[PDB]
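*Asks:* Below you'll find the structure I mean.
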Amino acid sequence: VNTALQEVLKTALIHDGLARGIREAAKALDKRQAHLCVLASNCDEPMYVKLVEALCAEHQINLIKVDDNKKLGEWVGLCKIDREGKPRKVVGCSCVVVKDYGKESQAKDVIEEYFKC
Amino acid sequence: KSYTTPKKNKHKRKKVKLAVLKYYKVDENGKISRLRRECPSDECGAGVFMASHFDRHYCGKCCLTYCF
């Protein structure tokens with residue numbers, strides 16, 4: 001679930017397993033070692049949603065629906081300003097590509113058994 | 001110091017908004033297409049894209065120039 005997603009995103013942030021942005025996500029997808037991608041819904045996407053569907057609909061690529069763009073930017077560590085309490089301003093992202101290297105967590109197995117269902 | 005000669009300025013780079021959707025083109029069916037050509041170099045591999053100029057074809061970091 002979502003706490004499993006934020007825990008595996010934090011583990012990738014610590015062990016350098018993140019590919020943020022959209023063109024870096026496309027390069028990691030065409031390099032054919034991408035495993036999981038996340039697409040944010042309720043966004044300004046007249047063409048982008050079926051564009052990323054065309055990229056992610058080939059084989060072995062799953063999908064995770066997250067509503068708010070600002071909330072998902074916390075888990076990826078896109079910005080961290082004035083960490084004493086709430087952030088001052090964190091800009092939101094669109095897509096994230098993980099590189100699971102520290103592959104020992106119950107969050108990973110619960111998100112994978114969500115994936116294979 | 002202001003002199004009699006006019007002052008030169010650096011490149012104020014033109015800003016492009018969402019150019020990645022001009023790399024691929026999507027149809028109404030279920031297929032993915034490549035609008036431009038992919039560089040066949042080894043380290044300059046399958047991630048980067050390559051230009052479409054009026055007379056020549058040039059990549060980004062590996063610098064392989066092709067023309068007709």
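Labeling convention for the structure tokens: chains A, B, ... as they appear, residues from 1 per chain, ligands from 1 in order of appearance.
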Do you have, as a tab-separated table, the list of residues of chain A lying at most 10 Å from chain B, each with its nearest atom pair and that distance in Å to one decimal, counting only C-alpha atoms and ordered by chain then number?
*Replies:*
residue	atom	partner	partner_atom	distance
A:22	CA	B:20	CA	8.3
A:23	CA	B:20	CA	6.9
A:24	CA	B:47	CA	8.6
A:25	CA	B:47	CA	9.9
A:26	CA	B:47	CA	7.6
A:27	CA	B:47	CA	4.5
A:28	CA	B:47	CA	7.4
A:29	CA	B:47	CA	8.6
A:30	CA	B:47	CA	6.1
A:31	CA	B:47	CA	6.4
A:32	CA	B:46	CA	9.6
A:47	CA	B:21	CA	8.1
A:48	CA	B:21	CA	7.6
A:50	CA	B:26	CA	8.0
A:51	CA	B:26	CA	6.8
A:52	CA	B:21	CA	9.7
A:53	CA	B:30	CA	9.5
A:54	CA	B:32	CA	6.0
A:55	CA	B:32	CA	7.1
A:57	CA	B:30	CA	8.6
A:58	CA	B:32	CA	8.7
*Asks:* Which neighbours of residue 38 in chain A fall inside 9 Å, counting only C-alpha atoms, when residues of the same chain fewer than 5 positions from it are skipped, and could you give them as a list in words?
*Replies:*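 My list of contacting residues is residues 62, 63, 64, 65, 66, 94, 95, 96 and 97 of chain A.
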*Asks:* Extract, using only C-alpha atoms, all DNA, RNA and protein residues at most 12 Å from residue 77 in chain A, discarding same-chain residues fewer than 3 positions from it, and format them as a list in words.
*Replies:*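 Close residues of residue 77 in chain A: residues 6, 7, 9, 10, 11, 12, 13, 14, 16, 17, 18, 19, 20, 70, 71, 72, 73, 74, 80, 81, 83, 87, 90, 91, 92, 93 and 96 of chain A.
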*Asks:* Between CA of residue 41 in chain B and CA of residue 63 in chain B, what distance in Å does the model show, to one decimal?
*Replies:* 10.2 Å
*Asks:* What parts of chain A does DSSP call helix (DSSP H, G or I)? I'd like the answer as a ChimeraX atom specification.
*Replies:* /A:2-14,23-30,48-56,69-76,106-115
*Asks:* Selection from above, N, CA and C atoms, as a short mmCIF file (atom, residue, chain, number, x, y, z; two decimals), in the first residue's frame, can you write it?
*Replies:*
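For reference, out-v7.cif as written:
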data_model
loop_
_atom_site.label_atom_id
_atom_site.label_comp_id
_atom_site.auth_asym_id
_atom_site.auth_seq_id
_atom_site.Cartn_x
_atom_site.Cartn_y
_atom_site.Cartn_z
N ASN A 2 0.27 2.39 0.42
CA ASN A 2 0.94 3.69 0.29
C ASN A 2 2.11 3.82 1.27
N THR A 3 1.98 3.27 2.48
CA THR A 3 3.11 3.30 3.40
C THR A 3 4.23 2.37 2.93
N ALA A 4 3.88 1.27 2.25
CA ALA A 4 4.90 0.44 1.61
C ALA A 4 5.60 1.19 0.49
N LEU A 5 4.83 1.99 -0.27
CA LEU A 5 5.40 2.81 -1.33
C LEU A 5 6.37 3.85 -0.78
N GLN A 6 5.99 4.53 0.32
CA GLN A 6 6.89 5.54 0.87
C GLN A 6 8.10 4.91 1.55
N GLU A 7 7.96 3.71 2.11
CA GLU A 7 9.12 3.05 2.71
C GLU A 7 10.10 2.57 1.65
N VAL A 8 9.61 2.02 0.54
CA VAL A 8 10.53 1.59 -0.51
C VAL A 8 11.12 2.81 -1.24
N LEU A 9 10.39 3.93 -1.30
CA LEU A 9 10.95 5.15 -1.86
C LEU A 9 12.04 5.73 -0.96
N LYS A 10 11.85 5.67 0.36
CA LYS A 10 12.88 6.12 1.29
C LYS A 10 14.11 5.20 1.25
N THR A 11 13.90 3.89 1.11
CA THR A 11 15.02 2.96 0.99
C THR A 11 15.81 3.21 -0.29
N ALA A 12 15.11 3.48 -1.40
CA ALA A 12 15.79 3.84 -2.64
C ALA A 12 16.50 5.19 -2.53
N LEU A 13 15.94 6.13 -1.77
CA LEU A 13 16.59 7.42 -1.55
C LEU A 13 17.88 7.26 -0.75
N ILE A 14 17.87 6.41 0.28
CA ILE A 14 19.09 6.15 1.04
C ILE A 14 20.13 5.40 0.22
N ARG A 23 11.95 12.46 -18.37
CA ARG A 23 12.86 11.99 -19.41
C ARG A 23 13.89 11.02 -18.85
N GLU A 24 14.29 11.20 -17.59
CA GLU A 24 15.11 10.19 -16.92
C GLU A 24 14.34 8.89 -16.72
N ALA A 25 13.03 9.00 -16.45
CA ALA A 25 12.18 7.82 -16.38
C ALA A 25 12.09 7.11 -17.73
N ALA A 26 11.98 7.88 -18.81
CA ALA A 26 11.94 7.30 -20.15
C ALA A 26 13.27 6.65 -20.53
N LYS A 27 14.39 7.27 -20.14
CA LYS A 27 15.70 6.68 -20.39
C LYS A 27 15.90 5.39 -19.59
N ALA A 28 15.43 5.37 -18.34
CA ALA A 28 15.52 4.16 -17.53
C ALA A 28 14.58 3.07 -18.03
N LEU A 29 13.45 3.45 -18.62
CA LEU A 29 12.54 2.48 -19.20
C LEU A 29 13.11 1.89 -20.49
N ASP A 30 13.69 2.72 -21.35
CA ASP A 30 14.27 2.23 -22.59
C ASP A 30 15.61 1.55 -22.39
N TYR A 48 -0.47 13.59 -21.81
CA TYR A 48 0.60 12.96 -21.05
C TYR A 48 0.18 11.63 -20.46
N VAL A 49 -1.11 11.46 -20.12
CA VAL A 49 -1.55 10.22 -19.49
C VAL A 49 -1.53 9.06 -20.48
N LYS A 50 -1.96 9.26 -21.73
CA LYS A 50 -1.86 8.16 -22.67
C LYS A 50 -0.48 8.09 -23.29
N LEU A 51 0.31 9.17 -23.20
CA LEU A 51 1.73 9.07 -23.54
C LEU A 51 2.47 8.13 -22.58
N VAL A 52 2.30 8.34 -21.27
CA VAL A 52 2.98 7.48 -20.31
C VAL A 52 2.33 6.10 -20.27
N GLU A 53 1.05 5.98 -20.66
CA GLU A 53 0.45 4.67 -20.87
C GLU A 53 1.10 3.93 -22.04
N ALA A 54 1.43 4.65 -23.12
CA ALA A 54 2.11 4.04 -24.25
C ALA A 54 3.52 3.60 -23.89
N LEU A 55 4.22 4.39 -23.08
CA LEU A 55 5.53 3.95 -22.59
C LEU A 55 5.43 2.77 -21.63
N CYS A 56 4.44 2.77 -20.74
CA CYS A 56 4.40 1.79 -19.66
C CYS A 56 3.56 0.56 -19.97
N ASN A 69 0.12 15.63 -6.11
CA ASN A 69 1.51 15.71 -6.57
C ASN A 69 2.44 16.23 -5.48
N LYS A 70 1.95 17.11 -4.60
CA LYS A 70 2.79 17.65 -3.54
C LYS A 70 3.09 16.60 -2.47
N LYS A 71 2.16 15.67 -2.24
CA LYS A 71 2.34 14.69 -1.18
C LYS A 71 3.34 13.61 -1.60
N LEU A 72 3.35 13.25 -2.89
CA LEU A 72 4.30 12.25 -3.37
C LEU A 72 5.71 12.80 -3.47
N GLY A 73 5.86 14.13 -3.51
CA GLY A 73 7.19 14.72 -3.53
C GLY A 73 7.90 14.62 -2.20
N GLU A 74 7.15 14.40 -1.12
CA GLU A 74 7.77 14.18 0.19
C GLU A 74 8.50 12.84 0.23
N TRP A 75 7.89 11.79 -0.32
CA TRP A 75 8.46 10.45 -0.22
C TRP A 75 9.70 10.27 -1.10
N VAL A 76 9.72 10.91 -2.27
CA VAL A 76 10.86 10.81 -3.17
C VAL A 76 12.03 11.68 -2.70
N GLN A 106 9.48 -6.09 4.39
CA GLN A 106 8.12 -6.62 4.30
C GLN A 106 7.21 -5.70 3.49
N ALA A 107 7.55 -4.41 3.42
CA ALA A 107 6.83 -3.47 2.57
C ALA A 107 6.97 -3.83 1.10
N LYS A 108 8.17 -4.29 0.70
CA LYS A 108 8.39 -4.70 -0.68
C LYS A 108 7.58 -5.94 -1.03
N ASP A 109 7.49 -6.91 -0.11
CA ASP A 109 6.72 -8.11 -0.41
C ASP A 109 5.22 -7.84 -0.37
N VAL A 110 4.75 -6.94 0.49
CA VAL A 110 3.32 -6.64 0.47
C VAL A 110 2.95 -5.82 -0.77
N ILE A 111 3.84 -4.94 -1.24
CA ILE A 111 3.53 -4.23 -2.47
C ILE A 111 3.67 -5.16 -3.68
N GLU A 112 4.53 -6.18 -3.60
CA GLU A 112 4.67 -7.12 -4.71
C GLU A 112 3.50 -8.08 -4.78
N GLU A 113 2.96 -8.49 -3.63
CA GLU A 113 1.76 -9.32 -3.65
C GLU A 113 0.52 -8.50 -3.98
N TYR A 114 0.57 -7.17 -3.81
CA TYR A 114 -0.45 -6.35 -4.46
C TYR A 114 -0.24 -6.33 -5.97
N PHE A 115 1.02 -6.29 -6.42
CA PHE A 115 1.34 -6.19 -7.85
C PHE A 115 0.90 -7.42 -8.62
#
*Asks:* Using backbone DSSP assignments, extract all strand (DSSP E or B) residues from chain B; output them as an NGL selection string.
*Replies:* :B and (26 or 32 or 56-58 or 65-67)
*Asks:* Taking N, CA and C atoms for each residue, export the selection above as a compact mmCIF listing (two decimals), in the first residue's frame.
*Replies:*
# COMPACT_ATOMS: atom_id res chain seq x y z
N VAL B 26 1.92 9.34 -30.63
CA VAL B 26 0.96 8.33 -30.21
C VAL B 26 -0.23 8.36 -31.17
N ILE B 32 3.66 2.01 -29.95
CA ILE B 32 4.60 3.07 -29.62
C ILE B 32 5.55 3.24 -30.80
N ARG B 56 21.33 18.48 -41.49
CA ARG B 56 22.24 17.53 -40.87
C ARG B 56 21.57 16.87 -39.67
N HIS B 57 22.22 15.82 -39.18
CA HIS B 57 21.76 15.04 -38.04
C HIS B 57 22.88 14.96 -37.00
N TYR B 58 22.59 15.42 -35.78
CA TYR B 58 23.60 15.59 -34.74
C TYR B 58 23.04 15.16 -33.39
N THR B 65 28.02 13.38 -36.34
CA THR B 65 27.31 14.23 -37.28
C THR B 65 27.06 13.48 -38.58
N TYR B 66 25.80 13.46 -39.02
CA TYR B 66 25.40 12.81 -40.27
C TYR B 66 24.65 13.82 -41.13
N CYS B 67 24.92 13.79 -42.43
CA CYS B 67 24.22 14.62 -43.40
C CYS B 67 23.98 13.82 -44.68
*Asks:* In Å to one decimal, how far is CA of residue 67 in chain A from CA of residue 41 in chain A?
*Replies:*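 Computing the Euclidean distance for CA of residue 41 in chain A and CA of residue 67 in chain A yields 5.3 Å.
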